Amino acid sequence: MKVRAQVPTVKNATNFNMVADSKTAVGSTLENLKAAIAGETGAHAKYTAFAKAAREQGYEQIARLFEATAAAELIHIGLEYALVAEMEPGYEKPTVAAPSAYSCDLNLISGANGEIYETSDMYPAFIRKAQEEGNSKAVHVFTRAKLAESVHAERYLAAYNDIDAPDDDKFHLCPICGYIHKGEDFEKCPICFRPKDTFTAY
């Protein structure tokens, strides 16, 4: 993902449309924030299981990608939780069980499909609802998550295509958003502009 003159938003980007045949239940923004947290909690558990399986299967770099992406989902949960907490202090983040991890290639495909669903269906649906309800804070949070998900999808597909050609590149995760970069060739986050030196290496 290229760095643009300004950070991408629904006001200056053209990949924020929701698939017409959406599989997402849309409620109030508060309900959507909770739904997103629930979904991301599941994603985190899935990627964590996928990472453990990848390591056992001999795919250390892919394991690191799953670990970096799980960490990215945790950042999303944090952003969403902060908003829910201000509106409903009694709200407690949910916990989920770990799902099964299968062959690494299929896990990468499962990951890619989930990321695509989140970036083109779920988050766009929630962003639209937040816009229609005037919840700018939610639009911001959902937008940041949405942008990282399509990057995650690309990273998973790249890893799938090069499943038998790994390298020593580290995956750098942004400190405040889910952006992940493979390798050292970048200066700042294309989603939030945080400098490279603030990223965490996986």
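Note that residue numbering begins at 1 and tracks the sequence as displayed.
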The stretch carrying the higher mean Cα B factor in the deposited entry, 94-102 or 67-75, is 94-102
Higher avg CA temperature factor (129-137 vs 41-49, as deposited) belongs to 129-137
For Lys34, the third of its chain by CA B-factor is the middle
In terms of its chain's C-alpha B-factors, the third that includes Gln57 is the highest
The third of the chain into which the C-alpha temperature factor of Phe186 falls is the highest
Split the chain's modelled residues into thirds by Cα B-factor; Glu80 lands in the middle
Temperature factor at the Cα of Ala13, chain-ranked in thirds, falls in the middle
